[PDB]
Every structure is written in C-alpha cells, then in structure tokens.
Amino acid sequence: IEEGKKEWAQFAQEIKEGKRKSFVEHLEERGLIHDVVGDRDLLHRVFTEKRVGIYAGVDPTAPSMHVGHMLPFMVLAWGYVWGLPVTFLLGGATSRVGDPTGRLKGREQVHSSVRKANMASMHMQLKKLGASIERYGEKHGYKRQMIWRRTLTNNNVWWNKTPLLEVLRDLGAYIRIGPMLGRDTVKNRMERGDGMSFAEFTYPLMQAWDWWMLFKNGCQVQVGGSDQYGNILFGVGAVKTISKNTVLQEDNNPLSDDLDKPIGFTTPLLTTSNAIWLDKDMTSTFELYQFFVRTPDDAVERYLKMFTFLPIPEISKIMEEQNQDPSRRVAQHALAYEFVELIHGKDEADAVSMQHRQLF
Amino acid sequence: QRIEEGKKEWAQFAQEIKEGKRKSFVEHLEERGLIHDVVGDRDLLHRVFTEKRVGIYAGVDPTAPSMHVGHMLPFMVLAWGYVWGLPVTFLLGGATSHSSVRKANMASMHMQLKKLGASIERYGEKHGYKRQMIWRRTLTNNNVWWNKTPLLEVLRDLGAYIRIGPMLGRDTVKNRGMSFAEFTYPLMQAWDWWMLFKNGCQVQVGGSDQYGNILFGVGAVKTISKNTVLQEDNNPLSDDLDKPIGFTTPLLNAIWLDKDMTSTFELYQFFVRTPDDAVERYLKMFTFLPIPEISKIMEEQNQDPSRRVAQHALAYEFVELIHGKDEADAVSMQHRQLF
Ligand SMILES: N[C@@H](Cc1ccc(O)cc1)C(=O)O
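Sequence order for the protein chains is A and B. Taken in order, the first sequence gives residues 73 to 345, 356 to 442; the numbers are from the authors' numbering. Taken in order, the second sequence gives residues 71 to 167, 183 to 261, 267 to 342, 356 to 442; the numbers are from the authors' numbering.
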C-alpha cells in the first residue's frame, strides 16, 4: 500500500525526466484519446502525479456488448495492467431512463423481464472480460501485482434507494436549467420537434451522480465514447459542485488543487467503409475473426494500436511487412488473432486463424 | 361495517339531491361563495360529490411560522367538508419547502394546523354539527414519503411521461434563470397528490393562484395512475367520476392566526373594519352561520350599518373559530368597552 505511493512517485520523476511515459502519453501513442474533457496537460499531470481511479459506463440495452463498445474498455484494460484502479460501471438503473445523446426519438419501453435478462447477461460478460484482460495482459508481459485493482459495479446499488430529495438538495439546487437547454442534444430535439421527456432531461444528472458516487472512493477520471463528451463535461462541473456543497463533512471538499478536480476524456469514433457481438453465441469466433481481417489497409495500423496490447515496435515490424504486400493481410491477421484471443481465448484464436487460412 | 353503512347514507343523500330536496357539497359551497374556478367541469364536480364521499385536501408550504387570513378559504372548505362527513386532509409541504429556520417554521405550522383541526371540530359543535364515527380529518407532512421516495420511482411513473416543452411554457417558468430543483417542483406537487389520491383524496382545493398547479396535477395524476407498474395501484380512470379534479377559492401587513403575532384583539379589529359592501359575503365565507341567520343579521345591518352589527358578528365568529369562545367573548367586550 505504502510502497505503491513510493513506486508511483518514482515513476513520476522518471516521466518528467523523459525516461518513462505517463498513462496519457501512453494512450496517445495507442491512439486511444480523441478529446480531453478539460485540459490535456492537466490530465497528463494528474496521471503522472497520482495513481487515480478511472471508470467507464455501459447501459445494458442488449444481452451483449459489441465491438463498438470496446475502446473505452481498452483504456481500462491498459489502466488495469498499469496498476491504476479501474471500474466498470453497469448502468442497470440509468438504462431504464435511456441516454438521449445522439438520438432524436426516444427509446422504446422494453419489458421488465427483458431488461433484467440483458442486465444479467452483460454483468456476466463484463466479469468475463475482466478476467480475460488479466490473462491477455499476462501474455504480453504484464504480471499482476497486489496493488492492481479492477471493479465491476451496478449503479442500481444506489439508484434503487437514492431519494429524489437527496439529489435535488446536493446537486439539483445548484444546476441551472438554462445551460442544460443549450446543449446540442437537447437543442436538436427541440428544434427538430422530436420532443423530450423529463426523465431524459434528468439523465445527465444521473450520470453525474454516478461519477460522484465513484469519485468519493478515488475515481477521479471518467472515460467514454466520442459521443459522451457532453455528459462527461456536465459531469465534471456537477461533481465539483456536489463536493463543494455537500452537507456531509466526511465527503465535503472544495477541490482547490487542480490535481484533485474531476476530469475525463473520450475515445475515437469507429467508422465503416449489423453489430459485431462479443458473445460467442451471437457472433461466432470465426465471424469476429472475419470482421477484423476485413479491416481496410489504411485503418489496420491504427486498429492494431487501439485494439491490442502489441508493442509499438512489433506493430512497426508488422507494418513493414504489410506495406511490402498488403494482399497477404499480415497486419489484419495479427489484429484479428490478438482481439479474438483477448475476447475468446488462445484456443479459439488458434482454431479460427488456422481455419481461415486453410479456407481463404 | 361502518364503511358499508356510510356508503348507504351517502346513497340516500344522492337520491335526495337529484330530487332537489338536498344540496350537494358543491352547491353548498357555491351558496357560501367559496368556489372561484373549477379545474375541470363544475357539473362533474357536482356529480362526483353527489355520488361519492370523496376525499379532499389542501396544501400549505411552511414559509412562515404561522398562516394568516389570506390562507383560510381553502381551509374553510375543508372545515365544511369535515362536518359534512367528507374525509379531509391538510398537507404540510415540509420536504418541498437557513435550515434551522425552516425546521422551526415547519414545527410551528404543524402545531397550528393540529390546533386548527381541533378548533374546526369545536366550532362545528357550536353550530350543531356533531362528530360521527365516519368523520375523518388528517394532517400529513409530505416528508413522510419524500424522505425515502427514490428518484428512479418518480422518473418511471411520472417523469417518463412528462414533456419538458410544455413545462417550459408554463407562465411562471417562461418569464425567467431557474435551478433544476425549482424546475422539478411541479412534479413533486403532482406526486404529493398521487400519494393522497391512492388513499381516496380525489379532490384538491387551493387559493385562486393555484389554478395552474392544480391543472398540472390533474393531468399528472391521470398519467401516473394509468401507467404505474404496480397493478395494485394501476387504474385507467375510465369513469369521469373517478378522475382527479379540483377547484380554487376566491381572491380576497398580514393578519396572522398566531396570537403572539396578531393579538386576538387585532384579529377582531381587522374583521370589524370589513367594508359594508363586503361583510355579507365574508359572513358566508368565513363562518358557519346559517344563511337564514345571516339574512336576519344583514337586514338589521341594513337598518343602520354604522352600528356594524354584521361586522361584529363576523369578527366574533372568526375569532371563536381560531382562538375559542372565551377569547371571542373577551375581545368583543374589550372592543365595546373601548369603542
Ligand atoms: N451514458 C453512457 C453510459 C454510462 C452510464 C452511466 C455512467 O455513470 C456513465 C456512462 C452511454 O449510454 O454510453
């Protein structure tokens, strides 16, 4: 415990002295940071100086995640093997409301048995992914230390009982609705005329409260998809406010030092040229392999950096061979193999890669 | 047992009302001049009270340690409701209201509302209304549910079905900044009603300025009842006689009901200064005096209004209602002994 703080301090000096990379500099090299919700240099300083907690959220709208969810979790995977405490947040409660961002119409009311089934399946998959990350990290030389920590939490833990009055007192009373109505997501649904419910309008405050609940236990940073910039931005402000105005003395903190203020960033948007599920029963291992081998030549190098733990030198070596003759798909096959191994294990990766070569 | 006998008693009244032999609670209040606007259909309101011994409530926000005379008319309606055998509820908005100040006001107002409840019963006794087992009056602080009510529950049963567009259109809201908490207040008021509606409070009465709030409440309660996931509470309210509905009382420094803020003598004086052209209406609204007795008073008043016979009767009655007979006797004598 104490040794951890000393180790991170040593790393900090080595980072400033150009002998080591910070977590931010590392992610930038992997191409995993799109936008920083706040000041990039501050984010860098925070991770350099502090072994801060970081989390990513996911709402269970399906029994399975797909490849489109992965980049924020690739960030947490890196965080985990870097010895940062990471948290996977399952939005069991917030999924009932539905995130209005990147939508004009409202989500369709799903039956309760379906939502419960989706939530349970996603919970298992996230547990499985957590163990896979450790295994996959091991393959690439990252040996688990006692100080490592990964957590899976359902926000139902608090949303099932959290009184409306508590949220209004500690957060709602300090939030002006004017700016909320100015946000793009709301503005576009009022202008277009798609309408919007009170529940949807409240969603940002729920996400903010989620962060606050984790922030109290050291989770200073949030990472999300590209379209989550707005929610994370709102969250940064909201968390400062709660910490500054909370009536509980055990939790109250002005956060005067910038190094302690909440901050976040987004991961890049994946574009194409249905869904690619991480569940073997929905998308076979063979088909997940196929999806990645079809990665365009002008995208495969970046994907190798974002979707695998392959060292940069090894990626350079792969690309050197790839650039000589990309028809052999050396880069695409390495990408497909690594990601299939991460999600479904080595045996699956070996089987589908052999069968794919024998067939095509 | 008594429940079944109660429905029978109300059934008899209903038949007699249709035959023009008895007044409904609505017709009665109109005779008193206590109804300003009906949030909904007047005839429906008449029908609801004719057919059903419905619950009715009025809300009060503890922004002061005491209520004053400007708050009374909705409570006069509840006073009548009580002695008519309708179950009435006083809702104290403890949750929705420095912190040490707010808690003290809430406690003082709660104490005053209990006292008013007992005073209403006593005052009813004087005018021939004898308490029956079926009578019911309740004082409730909405803190009772707001202390635990999950945000998620409100969003599911209400928040999901309310569009913010219209809310931003409300008169009070459009002409404005505003906090999220303040923006949420209308839904909390609606939820308050829903909590009481589940236990029979189909009707709400409020001040003249409460038309908007009651209007929003009717729609919200319909919505919640129609879409709530607990089937034990779910109900489409297809029959109009079961739909939530309300009405307002007419529009009249402050004349407090707290003796330490406004002396009984000064409360007496205030009503004695009631204008000649208003005193008759006030007698009907602020007292239980039968109309025939009010007629006898006004005709005598009309002989020589300088004697203020009507104003003195009004002042005495209201002081007795709020502070009791001994107080009424004392201040009336002191006023005569002085003037
Ligand atoms: N709102 C995010 C998921 C999320 C949920 C809760 C949080 O606290 C954070 C993120 C999404 O829909 O992608």
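From the three backbone atoms N, C-alpha and C, an ideal C-beta is built for every residue, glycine too.
**Request:** Report yes or no: is there a C-beta of chain B within less than 9 Å of the C-beta of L176 (chain A)?
**Result:** Stepping through the first sequence from its first residue, residue 176 (chain A) is reached at position 104. Output row for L176 (chain A): interface = no.
**Prompt:** For the beta strand (DSSP E) that contains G129 (chain A), what are its first and last residues?
**Reply:** In the first sequence, counting from the first residue as 1, residue 129 (chain A) sits at position 57. That run of the beta strand (DSSP E) goes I126 to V130.
**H212 (chain A) and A357 (chain A) closer than 9 Å at C-beta** = The residue you call residue 212 (chain A) lines up with position 140 of the first sequence. The residue you call residue 357 (chain A) lines up with position 275 of the first sequence. Going by C-beta atoms, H212 (chain A) is not nearer than 9 Å to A357 (chain A).
**Message:** Given 8 Å as the limit, tell me if residue 460 (chain A) has its C-beta closer than that to any heavy atom belonging to ligand 1.
**Reply:** What the structure shows of chain A is the stretch from 73 to 442, and residue 460 (chain A) is not part of that stretch, so it cannot be assessed.
**Asked** If you compare alpha carbons, which of A:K259, A:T339, A:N303 and A:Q406 is closest to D282 (chain A)?
**Response** Reading the first sequence from its first residue, position 210 is the one you call residue 282 (chain A). The residue from A:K259, A:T339, A:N303 and A:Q406 with its alpha-carbon nearest to that of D282 (chain A) is A:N303.
**Contact residues within the stretch 229-261 of chain A, judged by C-beta distance below 9 Å to chain B** = Residues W231, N232, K233, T234, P235, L236, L237, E238, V239, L240, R241, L243, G244, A245, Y246, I247, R248, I249, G250, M252, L253 and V258.
**Request:** Mind reading off the beta-carbon distance from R248 (chain A) to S167 (chain B)? Whole number of angstroms is fine, and I expect it under 8 Å.
**Result:** For the purposes of this step, residue 248 (chain A) is taken as the residue at position 176 of the first sequence. For the purposes of this step, residue 167 (chain B) is taken as the residue at position 97 of the second sequence. Taking 8 Å as the upper bound for CB-CB distance, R248 (chain A) and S167 (chain B) are not in contact here, some 21 Å apart.
**Asked** Using a beta-carbon distance cut-off of less than 9 Å, what residues from the stretch 78-99 of chain B approach chain A?
**Response** From the stretch 78-99 of chain B, no residue has a Cβ closer than 9 Å to chain A.
**Residues of the stretch 301-319 of chain A with Cβ closer than 7 Å to any Cβ of chain B, in chain order** = Only those residues of the stretch 301-319 of chain A whose C-beta falls short of 7 Å from the nearest C-beta of chain B would be listed, and there are none.
**Request:** Using a cut-off of 7 Å between C-beta atoms, extract the partners of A271 (chain B) located in chain A.
**Result:** Position 181 of the second sequence, counted from the start, is the residue given in the question as residue 271 (chain B). What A271 (chain B) touches in chain A: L240, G244 and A245.
**Residues of the stretch 150-182 of chain A with Cβ closer than 7 Å to any Cβ of chain B, in chain order** = Shown in chain order are the members of the stretch 150-182 of chain A whose Cβ falls below 7 Å from a Cβ of chain B: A165, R168 and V169.
**Prompt:** Is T313 (chain A) near ligand 2, judged by its Cβ being under 8 Å from some heavy atom?
**Reply:** Summarising the ligand content, the structure contains ligand 1 and does not contain ligand 2.
**Item:** Distance, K288 (chain A) Cα to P172 (chain A) Cα
**Value:** The residue labelled residue 172 (chain A) in the question sits at position 100 within the first sequence. The residue labelled residue 288 (chain A) in the question sits at position 216 within the first sequence. The C-alpha of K288 (chain A) is placed about 26 Å away from the C-alpha of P172 (chain A).
**Asked** Taking C-beta to C-beta, are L370 (chain B) and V412 (chain B) nearer than 9 Å?
**Response** Locating residue 370 (chain B) in the second sequence gives position 267, counting from the first residue. Locating residue 412 (chain B) in the second sequence gives position 309, counting from the first residue. Taking 9 Å as the Cβ cut-off, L370 (chain B) and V412 (chain B) do not qualify as a contacting pair.
**Asked** When the distance is taken between beta carbons, is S204 (chain B) closer than 9 Å to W359 (chain B)?
**Response** As a first step, residue 359 (chain B) must be located in the second sequence, where it is residue number 256. As a first step, residue 204 (chain B) must be located in the second sequence, where it is residue number 119. No; because the gap between Cβ atoms is not below 9 Å, this pair is not in contact.
**Message:** Using only CA atoms, which one of A:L392, A:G76 and A:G296 lies nearest to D107 (chain A)?
**Reply:** Residue numbering aside, residue 107 (chain A) sits at position 35 when the first sequence is read from its first letter. Taking only the C-alpha atoms, the option nearest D107 (chain A) is A:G296.
**Nearest-angstrom beta carbon gap, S315 (chain A) and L327 (chain A) [assumed within contact, 8 Å]** = Looking up residue 327 (chain A) in the first sequence gives position 255. Looking up residue 315 (chain A) in the first sequence gives position 243. Sure, about 6 Å apart at Cβ, within 8 Å.
**Message:** Tell me which residues share the same chain as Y301 (chain A) and place their Cβ nearer than 7 Å to its Cβ, disregarding the 5 neighbours each side in the sequence.
**Reply:** Taking the first sequence and counting its residues from 1, one reaches residue 301 (chain A) at position 229. The answer, listed in chain order, is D107, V109 and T338.
**For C291 (chain A) and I126 (chain A), believed in contact at Cβ under 8 Å, the rounded distance** = Start at 1 with the first residue of the first sequence, and residue 126 (chain A) comes out as number 54. Start at 1 with the first residue of the first sequence, and residue 291 (chain A) comes out as number 219. That belief holds up - the Cβ atoms of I126 (chain A) and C291 (chain A) are roughly 7 Å apart, short of 8 Å.
**Asked** In chain order, what residues of the same chain lie with their CB nearer than 7 Å to the CB of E206 (chain B), ignoring the 5 residues before and after it?
**Response** Here residue 206 (chain B) refers to the residue found at position 121 of the second sequence. Setting aside the 5 residues that flank it on each side, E206 (chain B) is surrounded in the same chain by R216, each with a C-beta closer than 7 Å to its C-beta; the list follows chain order.
**Request:** Could you tell me the distance, in whole angstroms, from the CA atom of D242 (chain A) to the CA atom of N317 (chain A)?
**Result:** Numbered from 1 along the first sequence, position 170 holds the residue referred to as residue 242 (chain A). Numbered from 1 along the first sequence, position 245 holds the residue referred to as residue 317 (chain A). Just so you know, the alpha carbons of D242 (chain A) and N317 (chain A) end up roughly 7 Å apart.
**Message:** So for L224 (chain A), helix, strand or coil by DSSP?
**Reply:** Along the first sequence, one-based indexing puts residue 224 (chain A) at 152. Strand at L224 (chain A).
**Asked** Closest to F119 (chain A) by CA distance: which of A:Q294, A:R410, A:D361 and A:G265 is it?
**Response** Taking the first sequence and counting its residues from 1, one reaches residue 119 (chain A) at position 47. Comparing Cα-Cα distances from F119 (chain A) to each of A:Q294, A:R410, A:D361 and A:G265, the minimum goes to A:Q294.
**Request:** Using a Cβ cut-off of 9 Å (strictly closer), state whether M364 (chain B) contacts chain A.
**Result:** Position 261 of the second sequence, counting from 1, holds the residue named residue 364 (chain B). Chain A contact via Cβ: absent.
**Message:** Nearer than 8 Å: is that true of the beta carbon of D282 (chain A) relative to any heavy atom of ligand 1?
**Reply:** Residue mapping note: residue 282 (chain A) aligns to position 210 of the first sequence, counting from 1. Yes, since a heavy atom of ligand 1 falls inside the 8 Å radius drawn around the Cβ of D282 (chain A).
**Message:** Rounded to the nearest angstrom, what separates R261 (chain B) and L341 (chain B) at their Cα positions?
**Reply:** If you number the second sequence from 1, residue 261 (chain B) lands on position 176. If you number the second sequence from 1, residue 341 (chain B) lands on position 251. The alpha-carbon of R261 (chain B) is positioned some 25 Å away from that of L341 (chain B).
**Asked** Smallest Cα separation from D256 (chain B): which of B:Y246, B:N325 and B:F273?
**Response** Position 171 of the second sequence, counted from the start, is the residue given in the question as residue 256 (chain B). Comparing Cα positions, the closest option is B:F273.
**Prompt:** Beta carbon of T166 (chain B): closer than 8 Å to some heavy atom of ligand 1?
**Reply:** Within the second sequence, the letter at position 96 stands for residue 166 (chain B). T166 (chain B): no, Cβ never under 8 Å from ligand 1.
**Prompt:** Can you find a CB in chain A that lies within less than 9 Å of the CB of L277 (chain B)?
**Reply:** As a working note, residue 277 (chain B) is residue 187 in the second sequence. Chain A places a beta carbon closer than 9 Å to that of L277 (chain B), counting this residue as a contact.
**Request:** Using a threshold of 9 Å, state whether the C-beta atoms of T223 (chain A) and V158 (chain A) are closer than that.
**Result:** Taking the first sequence and counting its residues from 1, one reaches residue 223 (chain A) at position 151. Taking the first sequence and counting its residues from 1, one reaches residue 158 (chain A) at position 86. Taking C-beta atoms as the reference points, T223 (chain A) and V158 (chain A) count as a pair closer than 9 Å.
**Message:** Rounded to the nearest angstrom, what separates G163 (chain B) and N227 (chain B) at their Cα positions?
**Reply:** For the purposes of this step, residue 163 (chain B) is identified with residue 93 of the second sequence, where counting begins at 1. For the purposes of this step, residue 227 (chain B) is identified with residue 142 of the second sequence, where counting begins at 1. Straight across, the Cα-Cα distance linking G163 (chain B) with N227 (chain B) is about 6 Å.
**Item:** Cβ-based neighbour list, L424 (chain B), same chain, cut-off 7 Å, excluding 5 preceding and 5 following
**Value:** Here residue 424 (chain B) is taken as the residue at index 321 of the second sequence, counted from 1. Sequence-distant partners of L424 (chain B) (beyond 5 residues in either direction) whose C-beta falls short of 7 Å from its own C-beta, in its chain, are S204 and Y208.
**Prompt:** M268 (chain A) touches chain B at which residues, Cβ-Cβ below 9 Å?
**Reply:** By one-based count along the first sequence, residue 268 (chain A) stands at place 196. Annotation: Cβ neighbours of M268 (chain A) in chain B (cutoff 9 Å, chain order): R248, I249 and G250.
**Message:** Is any non-hydrogen atom of ligand 1 found closer than 8 Å to the C-beta of residue 351 (chain A), if you look at the structure I gave you?
**Reply:** Since chain A is numbered 345 and then 356, with no step between, residue 351 (chain A) has no place in the structure shown.
**Item:** Within 7 Å of chain A by C-beta, residues of the stretch 120-148 of chain B in sequence order
**Value:** Residues passing the 7 Å Cβ filter: none.
**Message:** Between A:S298, A:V186 and A:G307, which has its C-alpha nearest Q279 (chain A)'s C-alpha?
**Reply:** Within the first sequence, residue 279 (chain A) is the residue found at index 207, counting from 1. Measuring from the Cα of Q279 (chain A), the nearest candidate turns out to be A:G307.
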